[PDB]
Amino acid sequence: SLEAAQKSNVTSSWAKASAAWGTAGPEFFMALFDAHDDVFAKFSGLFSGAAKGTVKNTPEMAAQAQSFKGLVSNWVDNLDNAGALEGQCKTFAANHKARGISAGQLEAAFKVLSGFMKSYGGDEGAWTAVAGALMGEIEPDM
Ligand code: HEM
Ligand SMILES: [S]
């Protein structure tokens, strides 16, 4: 399910993306929005009706990339701690469900992120495994 090597690659590659997140965060969001238009739709409120092509350098974009980074960092720091993962996962799921976001959409986001992490030395198979363990804690609450 999740080997020691897989955890190690996830933690290391995350430390590298994290040091670059000021520029990489918005690029990840754009990759996601281009791949899934239905995902972009859920942010219409935050972006005030603006077209997708115009959002990358907005102050809203910047805040949203910082939000994303703070939860991902928490999860990566607790890979050997199922109890801690479950708690964060529950809050996360409750807040997103309340917005009418589906388990399928969350899953799409983890897929885009696993591909994106190849740039920071991430093993896509290690990122996919981590996503499968997290989704197993989230799905039951969606
Ligand atoms: C790996 C998957 C995801 C991560 C880490 C993530 C993380 C977060 C966090 C930490 C927040 C701010 C805390 C909160 O109010 O909930 C958040 C906000 C939000 N997320 Fe996500 N999320 C992801 C997936 C999504 C997905 C796929 C969508 C869209 C379909 C999305 C839509 C939103 C929106 C609409 C907000 C509220 C934005 C605002 O007005 O401040 N999130 N997400
Ligand atoms: S998000």
Side-chain angles (χ1 to χ4, degrees), residues 1-47 50-142:
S1 251
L2 219 45
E3 71 210 80
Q6 290 170 322
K7 287 169 188 196
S8 200
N9 180 75
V10 164
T11 292
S12 286
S13 71
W14 184 255
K16 283 195 209 175
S18 149
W21 210 246
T23 59
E27 278 154 31
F28 157 79
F29 273 99
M30 292 312 301
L32 178 57
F33 297 150
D34 278 358
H36 309 270
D37 190 77
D38 49 282
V39 166
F40 182 56
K42 289 275 157 271
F43 289 91
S44 51
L46 173 71
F47 288 123
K52 173 191 311 186
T54 83
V55 309
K56 188 214 226 159
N57 290 124
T58 57
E60 279 75 27
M61 175 62 90
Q64 199 53 225
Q66 183 203 40
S67 290
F68 187 96
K69 163 186 167 204
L71 179 42
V72 178
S73 298
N74 234 284
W75 284 332
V76 168
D77 274 338
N78 281 299
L79 288 171
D80 282 349
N81 190 346
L85 293 170
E86 252 209 346
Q88 292 288 342
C89 280
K90 202 140 34 216
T91 300
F92 168 72
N95 293 158
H96 287 71
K97 196 7 130 170
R99 292 160 182 139
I101 286 160
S102 77
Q105 292 170 138
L106 293 183
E107 190 138 23
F110 278 121
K111 201 141 291 204
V112 167
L113 174 66
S114 60
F116 186 99
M117 289 302 297
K118 292 203 279 253
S119 292
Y120 294 90
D123 169 9
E124 182 166 32
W127 281 88
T128 303
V130 167
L134 294 172
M135 287 300 299
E137 289 147 296
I138 291 164
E139 213 154 44
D141 299 303
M142 299 295 296

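For this chain, numbers begin at 1 and follow the sequence in order.
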Under 3.5 Å: donor-acceptor pair, side chain of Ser44, backbone of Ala41: yes
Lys97 side chain near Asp141 side chain, heavy-atom distance below 4.5 Å: no
From OG1 (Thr11) to CG (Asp77), nearest 0.5 Å: 7.0 Å
Minimum heavy-atom distance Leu2-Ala129, with the two atoms named: CD1-CB, 3.1 Å
Nearest atoms (heavy-atom pairs only) where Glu60 meets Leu46: CG-O, 3.5 Å
Where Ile101 and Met142 come nearest, the two heavy atoms and their spacing: O-CE, 3.0 Å
Heavy-atom side-chain contact between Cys89 and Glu86 under 4.5 Å: no
Contact check, side chains of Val55 and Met30, non-hydrogen atoms, under 4.5 Å: yes
Minimum side-chain heavy-atom gap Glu107-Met135 below 4.5 Å: yes
Under 3.5 Å: donor-acceptor pair, side chain of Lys52, backbone of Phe40: no
Parallel, tilted or perpendicular: ring planes of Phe116 versus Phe28, cut at 30 and 60 degrees: perpendicular
Flag side-chain contact, heavy atom, 4.5 Å: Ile138 against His96: no
Point-to-point distance, once rounded to the nearest 0.5 Å, from NZ of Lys16 to OG of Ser18: 12.5 Å
Side chain to side chain, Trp75 and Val130, heavy atoms closer than 4.5 Å: no
Taking every non-hydrogen atom, the tightest pair across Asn74 and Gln88: OD1-NE2, 3.6 Å
Check: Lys111 main-chain N/O paired with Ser114 side-chain donor or acceptor under 3.5 Å: yes
Any donor-acceptor N/O pair, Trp21 side chain to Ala65 backbone, under 3.5 Å: yes
Any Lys56 side-chain heavy atom under 4.5 Å of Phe29 side chain: no
Pairwise distance CG(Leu79) to OG(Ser8) - rounded to 0.5 angstrom: 10.5 Å
Residue pair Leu32 / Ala109: nearest heavy atoms and the distance that separates them: CD1-CA, 3.9 Å
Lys/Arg-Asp/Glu bridge criterion (N-O < 4.0 Å) met for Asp80, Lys7: yes
Taking every non-hydrogen atom, the tightest pair across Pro26 and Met61: CB-CG, 3.9 Å
Distance, nearest 0.5 Å, that separates CG of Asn9 from CD of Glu3: 9.0 Å
